[PDB]
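Undergrad: This structure is in structure tokens; I'll ask about it shortly.
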Amino acid sequence: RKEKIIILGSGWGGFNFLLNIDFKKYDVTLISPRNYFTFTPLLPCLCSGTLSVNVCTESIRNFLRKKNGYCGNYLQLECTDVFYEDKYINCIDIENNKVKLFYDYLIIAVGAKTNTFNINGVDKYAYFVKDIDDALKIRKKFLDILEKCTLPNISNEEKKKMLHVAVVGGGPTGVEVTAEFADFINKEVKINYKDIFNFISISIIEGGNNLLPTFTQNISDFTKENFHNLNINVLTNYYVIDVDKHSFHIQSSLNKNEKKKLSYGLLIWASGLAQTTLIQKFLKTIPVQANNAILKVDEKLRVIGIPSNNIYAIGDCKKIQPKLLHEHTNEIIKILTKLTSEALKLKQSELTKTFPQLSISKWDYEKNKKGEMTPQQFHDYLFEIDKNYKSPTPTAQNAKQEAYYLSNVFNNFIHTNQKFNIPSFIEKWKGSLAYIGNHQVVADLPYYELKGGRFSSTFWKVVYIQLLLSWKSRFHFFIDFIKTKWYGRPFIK
Amino acid sequence: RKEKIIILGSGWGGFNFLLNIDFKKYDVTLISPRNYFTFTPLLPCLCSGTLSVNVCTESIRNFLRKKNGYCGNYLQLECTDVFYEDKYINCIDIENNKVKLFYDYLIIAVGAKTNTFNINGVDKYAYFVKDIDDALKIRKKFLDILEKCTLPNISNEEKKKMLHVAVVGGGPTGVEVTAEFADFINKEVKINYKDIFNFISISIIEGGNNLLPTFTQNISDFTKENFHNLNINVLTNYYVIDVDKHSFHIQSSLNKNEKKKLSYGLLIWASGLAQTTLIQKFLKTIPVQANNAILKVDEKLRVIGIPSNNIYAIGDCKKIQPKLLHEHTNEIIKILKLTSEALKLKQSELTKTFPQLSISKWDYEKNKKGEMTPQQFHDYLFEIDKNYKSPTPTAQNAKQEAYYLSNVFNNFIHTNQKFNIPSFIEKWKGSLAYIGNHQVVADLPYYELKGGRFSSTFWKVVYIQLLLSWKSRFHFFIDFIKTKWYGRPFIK
Ligand SMILES: Cc1cc2nc3c(=O)[nH]c(=O)nc-3n(C[C@H](O)[C@H](O)[C@H](O)COP(=O)(O)OP(=O)(O)OC[C@H]3O[C@@H](n4cnc5c(N)ncnc54)[C@H](O)[C@@H]3O)c2cc1C
Ligand SMILES: Cc1cc2nc3c(=O)[nH]c(=O)nc-3n(C[C@H](O)[C@H](O)[C@H](O)COP(=O)(O)OP(=O)(O)OC[C@H]3O[C@@H](n4cnc5c(N)ncnc54)[C@H](O)[C@@H]3O)c2cc1C
Ligand SMILES: NC(=O)c1ccc[n+]([C@@H]2O[C@H](COP(=O)([O-])OP(=O)(O)OC[C@H]3O[C@@H](n4cnc5c(N)ncnc54)[C@H](O)[C@@H]3O)[C@@H](O)[C@H]2O)c1
Ligand SMILES: NC(=O)c1ccc[n+]([C@@H]2O[C@H](COP(=O)([O-])OP(=O)(O)OC[C@H]3O[C@@H](n4cnc5c(N)ncnc54)[C@H](O)[C@@H]3O)[C@@H](O)[C@H]2O)c1
Ligand SMILES: [Mg+2]
Ligand SMILES: [Mg+2]
Ligand SMILES: [Mg+2]
Ligand SMILES: [Mg+2]
Ligand SMILES: [Mg+2]
Ligand SMILES: [Mg+2]
Ligand SMILES: [Mg+2]
Ligand SMILES: [Mg+2]
């Protein structure tokens, strides 16, 4: 008779919600086709053999018994439909048997998938890099190619075509995967495959001018410089537009007329995100959202358009559409002293609990001061703040923070003295890191920039050994680096 | 213009030959469809998640440069034919492209495969345990089943049938794989799957009366006792005769007409050896060996029936057929009045020619004979010949053969010792087995281990020395810490 919370997904959102939700207060079931949590930041290290599967993983069933003594459940299913009207979901097991399950609360955390842009042959020929098996598939293919090119039944020009590694995407994923392959190629591969080492080349391809565009221009320039010193072909300002079995095509971003055909052996696709079929389906089911491209939620992470307000979504599968300021103008006016921008800002602490977009991290009050306004003008101003609101970026950092917010809201606000005092979710940006090869780490932190150096790696390791969610994983983190330092990357495939 | 040695296979034989063969003296190429060496004794620990792949493995290319500066080569191919007349072999890559290669010496070390005994459904439905991939497939299937049986769309009756693990074979492989699963089931699985744990059962099936037949009766009895304490169904004196998708059939060894149909979820097949298709093919190519079931070699490991004497075989793919004593009677008489004790007295030196004369191959005291006539001596010699047993198909023997033969190439073949090449004689060092719940058994010369608090410690001290790199020793040590402090993983 405890209320049932179903969690869909075992990713950063779902798993972290699981870790914090009170199993005494609720009856909790996580549902996911994947029986482990994947620690995605270390996924590129898996591509090169620097770290093991154990450090990139947490098994869900190890976290189903909290110290209180009460338990949670886990089912290995893939949710295929949500029926918000009747409070249930349809799933399928791995043998396509339907399973029907009821909930009182649904926490959707199914994440996003890799975007092919409908380009011909991305699904067919390219390797994605979004989970454990993806990374392992990529490692093996690479090692497979190395062995195939050591055979005598092969010409030097066949070798040059096949030993070309193309990475599409100059975001952090693409950049880190390239970096890691570069280290592998310049170390272990160089030693054990000398006769063919010089036919090997890596290219990274990016539509815009900069690698790591969302970081900072100095970090971008440094990343490109460092890539040059590693003899990585940096093909920025190029868009991949077609993919065939042995070659792909690129179009210059600077001249629409300039195309190139490139040979390749291994093609890694690390472009942006796209929605799961479950989300596409679910959207059609909600009158208000029937033609949305992504699932929209409250400022409280409630899925808009559900009469019951019993479905939440966290992580990559959702954008936040908060309660509009300009729909509550008069009410906000009463709350104030004047009627200036800094009248508003003076009450920004209190009003931020209701409107996230009022946050000093969401609205620049100084780049936008406004002298005394008439009510209508104030309403226009409020409207600008509304339009300026940016939904949290699709990162593990945000998914984790959303997961702790929401679970704590279930633990401490719903079904307690505070049912109505629930604050709206606001991220704190903690910074971003990236490995860019050859011991060089970059970090774009709130008050710092790292641009390489002897102690860059050290900073990276102190950061991530603390972001790991178990002592088991910390053990492996430590051991795996010793092993890689003393003995090297492995060639088992 | 260095002579070319081609090694076929990257197992205990091939890899250890590679480790010791002098790359300065020869131009060596190992050919194997598998680019790593598999440390098979720890393979059952891989089934249960106790140890990792890193401790069961060595990557061939890490060993292609010895410290003197000379190199070896490796090619990822599967040999499909040997043409002994013309000294070349045909291979195929993984995309079925033919490759043709010339050698001066061929070292065949392709091992053996699992024997299905042609039984319907073994290949189709059963899991084998001969390599890394096998162990991981086995591990996954089990975890798959546990998850499937936690679903609601499943009856307790379906659960009981699906969560039955049957292991066919009471040899050390079968026994060790059963033990490891028992440990996993009784620890990590019991904690994380309380609801369905009592639907789980393990059976081991063995045709003879004993588990670990080739050990000791005390060790066999102790292994069976320990198995019952763990609630493993020990179905000795049963053999499997048929296999279907959800059930298999067994026949009593004690009553020809008692049969049983058993349901199962996971069927593991560890029944003993059979020959590779390469060896079957190659045999038909050798006139004197054309109807053999197994490849026979000299007492010097040279494949018999080859005019050039440039093809060797080591490991599980071969049996030794030594030079016959009774074909050399008169000569032996001349070396030596004319008793078994006379013969034994010269046994150390004659053993360099005939391995069957070894005190480890022939019981001189249980077979003493007084003065013989030449004819009688000839008959005696003949008994020694027929008593000879080829090395048992073990890693221990494949390794010892590989060190012997590589040492012959290094220090005999192109030196002034060409003619004093001694015949190969194993030295048995003992055998160990993990039998679950921390109990190790060992059947050593002069000792028997039957369990104990310090049983496991002995096992760990032995195998950390048997590992062939410091890398692997690191992982050996670390993997046991990991398993102790944090437990076995459920990743699949
Ligand atoms: C290589 C890589 C490196 C990254 N590094 C960083 C980083 O350093 N910092 C950072 O902030 N972010 C990083 N990210 C981004 C981060 O992984 C995502 O933002 C994060 O995964 C969002 O979490 P999520 O729970 O929404 O989705 P996921 O973590 O992808 O989880 C989705 C889960 O839903 C499951 N699922 C899918 N379909 C269904 C279905 N219909 N039913 C039930 N379950 C389903 C999946 O199995 C999965 O378990 C990285 C991403 C990648 C790919
Ligand atoms: C689970 C298990 C545990 C064991 N434990 C022990 C133990 O504790 N002690 C002990 O003494 N023995 C043990 N053994 C036995 C030991 O593994 C074998 O006796 C040993 O492998 C024999 O070595 P080999 O080189 O002849 O064959 P393998 O080690 O099997 O090597 C054969 C190699 O040949 C390759 N190959 C196959 N076909 C071809 C082809 N056509 N062309 C080229 N290469 C080919 C294979 O890929 C493989 O690399 C165990 C065996 C198993 C399965
Ligand atoms: N180290 C970190 O902190 C880290 C690491 C990985 C991911 N993340 C987060 O995960 C999310 C996704 O990251 P991501 O790297 O996979 O995607 P991304 O959107 O950040 O980068 C994709 C890049 O590929 C380009 N692109 C798209 N289609 C292309 C084409 N056809 N040809 C060439 N270039 C093309 C885009 O211009 C874009 O710059 C991001 O929000 C990111 O911040 C963070
Ligand atoms: N711990 C160790 O030292 C160790 C471990 C594994 C293997 N080995 C060596 O590797 C070789 C192979 O060992 P193995 O265990 O794989 O095979 P095995 O030959 O030693 O034993 C197989 C057993 O299964 C039985 N069997 C065969 N077909 C059957 C059927 N249809 N139904 C029921 N029982 C059936 C046989 O009676 C036999 O005892 C051996 O030489 C062994 O010594 C040693
Ligand atoms: Mg999730
Ligand atoms: Mg994840
Ligand atoms: Mg999500
Ligand atoms: Mg996602
Ligand atoms: Mg071999
Ligand atoms: Mg082997
Ligand atoms: Mg062999
Ligand atoms: Mg074999």
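Labels for the structure tokens follow display order: chains A, B, ..., residues from 1 in each chain, ligands from 1.
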What are the residues of chain A that have an atom within 8 Å of an atom of chain B, counting only C-alpha atoms, as a PyMOL selection string?

TA: chain A and resi 35-36+57-59+61-62+75-76+93+99+147-148+150-151+153+192+472+479+483+487+490-493

Undergrad: Pick out the residues sitting within 9 Å of residue A:292, and hand them over as number ranges by chain; count only C-alpha atoms, and ignore anything fewer than 6 positions along from it in its own chain.

TA: A: 280, 283-284

Undergrad: With only C-alpha atoms as the counted atoms, please give the residues lying no more than 10 Å from residue B:26, apart from itself and same-chain residues fewer than 3 positions off, as a PyMOL selection string.

TA: chain B and resi 1-5+21-23+29+70-72+409-410

Undergrad: May I have the selected residues written with C-alpha atoms, as a PDB file, in the first residue's frame?

TA:
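File out-v6.pdb, as written:
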ATOM      1  CA  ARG B   1      68.219 -16.688 -45.198  1.00  0.00           C
ATOM      2  CA  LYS B   2      67.720 -17.580 -41.542  1.00  0.00           C
ATOM      3  CA  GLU B   3      65.708 -20.792 -41.431  1.00  0.00           C
ATOM      4  CA  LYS B   4      61.964 -20.215 -41.087  1.00  0.00           C
ATOM      5  CA  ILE B   5      60.052 -21.862 -38.256  1.00  0.00           C
ATOM      6  CA  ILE B  21      62.844 -20.160 -29.188  1.00  0.00           C
ATOM      7  CA  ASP B  22      65.904 -18.052 -30.078  1.00  0.00           C
ATOM      8  CA  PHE B  23      64.822 -15.240 -32.460  1.00  0.00           C
ATOM      9  CA  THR B  29      56.268 -16.833 -37.250  1.00  0.00           C
ATOM     10  CA  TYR B  70      65.729  -9.752 -32.378  1.00  0.00           C
ATOM     11  CA  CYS B  71      62.041 -10.103 -33.251  1.00  0.00           C
ATOM     12  CA  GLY B  72      59.383 -12.691 -34.048  1.00  0.00           C
ATOM     13  CA  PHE B 409      66.322 -26.041 -31.930  1.00  0.00           C
ATOM     14  CA  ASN B 410      68.346 -23.541 -29.870  1.00  0.00           C
TER      15      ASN B 410
END

Undergrad: Between A:343, A:354, A:388, A:379, which has the minimum distance to residue A:327 (counting only C-alpha atoms)?

TA: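 Closest residue, counting only C-alpha atoms: A:379.
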
Undergrad: Using only C-alpha atoms and all ligand atoms, which protein or nucleic acid residues are at most 6 Å from ligand 2, as a ChimeraX atom specification?

TA: /B:8-14,31-34,40-41,43-44,78-80,109-112,129-130,173,278,315-317,393-396,398

Undergrad: So, with only C-alpha atoms as the atoms that count, which of A:419, A:323, A:187, A:87 lies closest to residue A:105?

TA: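 So, comparing all the options, the nearest one is A:87.
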